[PDB]
Amino acid sequence: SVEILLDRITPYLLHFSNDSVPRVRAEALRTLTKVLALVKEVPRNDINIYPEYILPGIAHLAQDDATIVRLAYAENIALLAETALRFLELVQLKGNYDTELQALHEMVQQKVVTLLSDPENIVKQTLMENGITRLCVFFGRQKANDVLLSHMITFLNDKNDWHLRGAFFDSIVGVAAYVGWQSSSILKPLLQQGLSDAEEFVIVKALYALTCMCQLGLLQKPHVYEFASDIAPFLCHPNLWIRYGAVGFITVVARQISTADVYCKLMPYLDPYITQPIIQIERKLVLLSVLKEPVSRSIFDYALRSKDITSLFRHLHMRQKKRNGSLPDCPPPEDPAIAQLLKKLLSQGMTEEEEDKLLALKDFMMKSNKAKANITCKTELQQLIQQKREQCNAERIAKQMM
Amino acid sequence: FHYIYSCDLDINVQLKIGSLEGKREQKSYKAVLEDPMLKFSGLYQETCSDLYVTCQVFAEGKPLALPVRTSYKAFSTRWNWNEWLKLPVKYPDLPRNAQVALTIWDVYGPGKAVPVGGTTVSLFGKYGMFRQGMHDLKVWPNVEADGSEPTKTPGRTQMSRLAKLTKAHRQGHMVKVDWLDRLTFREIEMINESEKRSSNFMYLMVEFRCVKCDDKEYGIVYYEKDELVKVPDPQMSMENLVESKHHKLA
Amino acid sequence: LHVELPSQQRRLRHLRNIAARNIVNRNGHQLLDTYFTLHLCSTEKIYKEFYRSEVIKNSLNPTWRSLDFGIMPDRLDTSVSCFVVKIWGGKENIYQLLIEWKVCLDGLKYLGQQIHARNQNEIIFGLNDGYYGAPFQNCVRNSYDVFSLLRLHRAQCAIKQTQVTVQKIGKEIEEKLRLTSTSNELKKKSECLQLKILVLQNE
Amino acid sequence: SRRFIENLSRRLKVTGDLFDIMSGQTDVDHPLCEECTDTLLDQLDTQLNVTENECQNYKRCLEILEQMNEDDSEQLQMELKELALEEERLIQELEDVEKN
């Protein structure tokens with residue numbers, strides 16, 4: 001029964017969280033979380049157990065030395081707080097409700113903020129992997145917009161761990177939806193920055209986040225058109241994952257906006273990268289089966305890695321000018337290194353169309369280049385040593401006999 | 001024989017993803033006929049696909065931490081990652097039956113991934129020792145690496161005979177001769193190559209941290225640091241935790 | 001923080017919050033899931049709903065998400081000073097109705113930036129400056145001149161006229177594409193056939 | 001449950017009623033200081049520019065549509081039949097290859 005649990009089991013689980021073995025601490029926290037979710041009634045003595053016994057009791061696990069304890073707390077914080085709120089409702093059927101709610105909100109907010117700024121990155125990633133948008137109810141719109149989002153935007157600064165940036169791009173959608181549009185202007189430059197990241201899976205995750213936010217209607221109209229104009233070049237990226245994420249985002253946008261908007265804005269953007277005109281844009285297949293060939297990886301990596309990228313693009317655009325009739329002739333480059341590098345690239349068979357695709361991708365290339373440059377024990381050992389001794393005995397006997 | 005206990009060694013367990021060596025089976029024409037998405041799948045592309053191998057440590061059938069991906073690396077003619085993944089778990093936090101699942105992935109369509117294999121190799125092998133060297137795990141096809149105990153996708157099962165003997169040679173337990181073993185070792189290399197070639201399944205190679213900051217000579221071993229009165233009483237003198245709980249509350 | 005002098009417009013556009021307090025559950029003491037819907041008001045009709053909050057499970061004092069601009073500036077006449085609040089309550093996807101208020105925002109009393117209720121079956125609103133409940137020389141500046149106000153009004157009128165013309169042209173272009181839609185069915189069939197033929201050729 | 005919820009003075013009342021009427025007719029909340037008015041005027045001018053630009057773009061698109069015509073159904077039907085025949089023959093060829 002509920003009273004049996006509360007009286008006899010919980011005060012012993014809380015004592016197992018203060019144990020030496022980290023695994024014992026994690027298991028104690030998991031069992032404590034599981035047991036408390038069984039309760040469906042509030043005995044008179046357990047009216048205010050949460051804000052005075054359990055939450056203060058397990059507070060120390062947010063700063064434990066071992067990372068397993070911190071991972072356990074980060075995984076079980078979302079469920080513990082939600083059980084606290086439901087617990088207060090039960091007591092109501094039995095201090096103003098609003099003041100207690102505010103106190104619980106403050107506790108949850110403080111603990112979330114403490115977890116989001118821990119030295120390790122696995123703790124931070126886990127906090128966002130299991131209820132970062134759920135605790136967004138314990139913050140509020142303004143507090144989330146000024147505290148939760150501000151702490152999540154400093155993850156994109158870390159230039160030595162792309163897992164954390166990927167996690168941010170994965171989990172930003174829920175927080176953006178909860179905080180509303182008052183945060184739209186904040187996340188536009190961050191989404192633009194992600195699409196020019198050194199690691200390409202981060203670009204994939206950013207494209208997925210853009211698609212998701214565009215489906216829910218969280219993007220302004222001009223921002224949608226700007227992102228469509230910036231992502232169209234990716235339909236000819238050598239990498240395949242990005243070349244498909246771009247298609248997904250473009251199909252989603254073509255579905256969201258009206259027919260006139262699609263025919264006025266999206267199609268003019270998509271004209272260079274589709275071999276033939278299309279009609280069923282919202283259908284993914286009718287878009288994939290029409291795209292042109294990508295830029296072969298060899299030329300792409302030779303052009304991106306080579307230093308003095310600006311001069312390379314300058315001369316490439318000069319050659320494009322000559323090819324388009326803009327200028328009567330294309331003069332030779334000033335720098336012999338640029339000439340030699342152009343010869344090397346042209347020896348790989350880079351086609352004029354490949355030059356056009358390189359130029360269209362120029363903005364992504366330069367920003368990516370600069371960013372990249374800056375970047376069970378005793379018996380087991382007894383058996384082992386017995387095996388060692390047997391092997392050594394056989395060894396010595398055999399060698400002496402030899 | 002020198003060794004360091006798992007409990008004392010406080011660093012992050014590291015694993016190297018080598019090369020997925022094998023042949024990948026394809027479907028018939030009717031499969032692509034009914035589901036056109038297979039044409040744009042990764043497997044149906046002429047060149048080797050840009051697969052990425054996730055990894056997650058399990059224990060008692062329970063996931064122990066988040067999976068770890070492999071940094072993007074382009075492939076032209078072979079699958080050669082040669083990357084040193086860093087695992088979220090540390091040596092003192094690995095239970096005895098810990099086992100590392102490793103799943104391969106490939107594109108199937110816009111915003112979808114499809115497993116192209118799965119392998120599961122125990123970390124602490126026989127005699128409670130951390131597996132080292134360069135182990136070539138097996139690859140179960142079209143099944144995500146299963147972490148349940150006992151595993152349904154195990155990694156490692158006259159080739160077996162030579163596997164044991166080679167170990168005894170380099171642990172000092174064998175007769176000493178130079179030319180004979182110089183030729184016999186190439187013989188075993190060819191035999192292993194033939195055995196791998198015959199097998200229909202794939203085979204994902206992998207290496208542990210045989211060389212670390214400390215001397216390579218050391219090895220890791222599972223370890224941890226835990227008639228007046230007749231009728232037993234195991235809590236005769238302790239704290240009344242229920243009394244404390246009631247006292248604190250009101 | 002609400003200066004209580006008049007001329008302070010208090011319309012639905014300044015309202016972004018809603019909550020309920022001390023809802024009485026007729027079927028025992030069970031806690032009930034809840035979600036509200038807001039309606040336009042009229043002497044002859046109580047129009048359909050134009051909002052629907054997410055379901056708050058296991059609660060009798062819900063605090064729903066903030067409703068920015070009511071339902072956002074999407075053809076919502078956010079200048080209406082009167083509206084109706086309905087609250088649905090129940091369990092397991094079967095829901096009843098328990099509250100029905102016809103509220104004119106002007107008549108609402110002011111409480112200080114903190115939700116507080118004392119009567120059963122109550123609703124507490126939230127505007128820009130705080131929360132409102134049911135009734136149980138050196139700082140002066142220069143105001144715009146008439147000429148500037150006329151210019152502002154005229155700018156708004158021009159904006160709206162151009163927007164209306166834009167909507168007209170959009171409907172016209174959609175209509176022109178609509179006639180071709182009949183041939184677009186055959187074109188879609190041809191596209192599907194060509195895609196399948198390409199797949200078959202490659203295989 | 002249900003619930004429900006002298007010249008100087010004349011000129012001040014006239015101004016107040018005018019402000020209330022304007023606030024009810026539009027979405028701007030009167031009255032307004034001159035800095036607020038200036039910012040609002042700049043924003044309105046920018047919005048008018050954007051709206052007129054969009055209207056011109058829509059006019060251009062309607063022109064390009066006006067230049068176009070509507071395709072014939074007979075040719076599309078012929079192409080559809082041709083594609084169907086191609087698909088059938090390709091299927092037969094694929095089955096033959098599989099058997100071989």
# chains A, B, ... in the order shown; residues from 1 in each chain; ligands from 1
call {"tool": "interface_residues", "arguments": {"of": "chain D", "to": "chain A", "cutoff": "12 Å", "atoms": "only C-alpha atoms", "output": "count of residues only"}}
result
14
call {"tool": "interface_residues", "arguments": {"of": "chain D", "to": "chain C", "cutoff": "8 Å", "atoms": "only C-alpha atoms", "output": "number ranges by chain"}}
result
D: 1-5, 16, 19-20, 23-27, 29-34, 37, 41, 44-45, 47-48, 51-52, 54-55, 58-59, 62, 65, 70-73, 76-77, 79-80, 83-84, 86-87, 90-91
call {"tool": "select_by_dssp", "arguments": {"residues": "range 2-224 of chain B", "states": "helix (DSSP H, G or I)", "output": "PyMOL selection string"}}
result
chain B and resi 29-34+36-38+91-93+159-170+179-198
call {"tool": "closest_residue", "arguments": {"among": "B:234, B:150, B:36, B:155", "to": "chain A", "atoms": "only C-alpha atoms"}}
result
B:36
call {"tool": "residues_around", "arguments": {"residues": "residue 69 in chain B", "least_positions_apart": "3", "cutoff": "8 Å", "atoms": "only C-alpha atoms", "output": "count of residues only"}}
result
4
call {"tool": "closest_atom_pairs", "arguments": {"of": "chain B", "to": "chain D", "cutoff": "12 Å", "atoms": "only C-alpha atoms", "output": "JSON lines"}}
result
{"residue": "B:28", "atom": "CA", "partner": "D:98", "partner_atom": "CA", "distance": 8.6}
{"residue": "B:29", "atom": "CA", "partner": "D:94", "partner_atom": "CA", "distance": 7.5}
{"residue": "B:30", "atom": "CA", "partner": "D:94", "partner_atom": "CA", "distance": 9.1}
{"residue": "B:32", "atom": "CA", "partner": "D:94", "partner_atom": "CA", "distance": 11.9}
{"residue": "B:33", "atom": "CA", "partner": "D:91", "partner_atom": "CA", "distance": 9.3}
